[PDB]
Amino acid sequence: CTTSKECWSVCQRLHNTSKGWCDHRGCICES
């Protein structure tokens, strides 16, 4: 990631979800 904003196009481009934020384990994916 860069910040929280690179987890907004991660599971939206893989699955069918929306937003996210970045922790030090990876990207969080919220619907």
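Below: a short report on this structure. (Residues numbered from 1 in each chain as written, not as in the entry; some residues may be left out. Heavy atoms only, no water.)

## Considerations on the overall build of the protein chain
Phase 1 of the analysis: Looking only at helices and strands, the protein chain has zero helices and two strands in total.
Phase 2 of the analysis: Taking the principal axes of its C-alpha atoms as reference, the protein chain extends roughly 25 × 15 × 10 Å.
Phase 3 of the analysis: Here the protein chain holds 31 residues, and the buried ones make up 13% of them.
Phase 4 of the analysis: Contacts in the protein chain between residues far apart in sequence, at least 24 positions, make up 3% of those at least 6 positions apart.
Phase 5 of the analysis: When the accessible surface of the protein chain is summed, it comes to about 2,600 Å², and 49% of that surface belongs to carbon and sulfur atoms. (Helix = DSSP H or I, 4+ residues; strand = E, 2+ residues; numbered from the N terminus. Buried < 20%, exposed > 50% of the residue type's maximum accessible area, 1.4 Å probe, protein only. Contact = heavy atoms within 4.5 Å. Areas by Shrake-Rupley, 256 points an atom, 1.4 Å probe, with all protein chains shown as cover.)

## Let's talk about the environment of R25
Phase 1 of the analysis: For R25, the position within the fold is in the loop between β1 (22-23) and β2 (26-27).
Phase 2 of the analysis: The exposure class of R25 is exposed, given its relative accessible area of 62%.
Phase 3 of the analysis: For the pair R25 and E6, spaced 19 residues apart in sequence, the C-alpha to C-alpha distance is 14 Å.
Phase 4 of the analysis: Here the side chain of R25 touches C27 through a polar contact of 3.1 Å, landing on its backbone oxygen. (Polar contact = N/O pair within 3.5 Å; in protein donor to acceptor, adjacent residues only side chain to side chain.)

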